[PDB]
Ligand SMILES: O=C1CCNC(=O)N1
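Heads up, the chain below is alone and in the form deposited without this ligand; it's given as structure tokens.
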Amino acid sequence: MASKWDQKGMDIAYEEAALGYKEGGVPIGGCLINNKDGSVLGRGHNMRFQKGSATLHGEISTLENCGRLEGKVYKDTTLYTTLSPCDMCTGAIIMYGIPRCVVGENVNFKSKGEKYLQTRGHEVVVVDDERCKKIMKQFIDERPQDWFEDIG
């Protein structure tokens, strides 16, 4: 079953989102898991406020923390993200050839990238995770200026 590790992947992604939230950042987390054995290649969260970073989205920080892997490794992984990916994080999934992307929720944010991934041959799974929806809803409500000056 392709979804064997999906509860583990989204649980780690949410923990990263909650950790980033406690650090004062945007609560978006992710992790990359080897589909073969469920091992975690890397995990991360949005670093826009922790590091003043314009590019360290949750998915980008996750892939950066994985390090430079062999191209064959990416081809049998799933990228977990608590929030539907923007066009840049979509492009990163495509560029590395990660075949599966499991999305916590796309209620608080959605780009054309979710559909573009499927156009480019990737599998996209939206789990509608209530924990992810709640923590991002709170961020948008409490920090609307930070959100709408960013990808909001």
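Don't overthink the numbering: it's just position in the shown sequence, from 1.
One more form of this protein exists, namely the form deposited with this ligand bound; it is left out here, but the text below deals with it.
Steric access to the site is open in the shown form: after superposition of the site C-alphas, this ligand as positioned in the deposited complex comes no closer than 2.4 Å to any backbone or C-beta atom.
Contact check for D6: no non-hydrogen atom falls within 4.5 Å of this ligand in the deposited complex.
For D150, a non-hydrogen atom is located within 4.5 Å of this ligand in the deposited complex, even though that partner is not displayed. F49 falls outside the set of residues with a heavy atom inside 4.5 Å of this ligand in the deposited complex. In the deposited complex, at least one heavy atom of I28 sits within 4.5 Å of this ligand. Every member of the trio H57, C86 and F109 reaches this ligand in the deposited complex with some non-hydrogen atom inside 4.5 Å. Of the candidate stretches 86-94, 66-74, 114-122, 32-40, only 86-94 has residues with heavy atoms within 4.5 Å of this ligand in the deposited complex.
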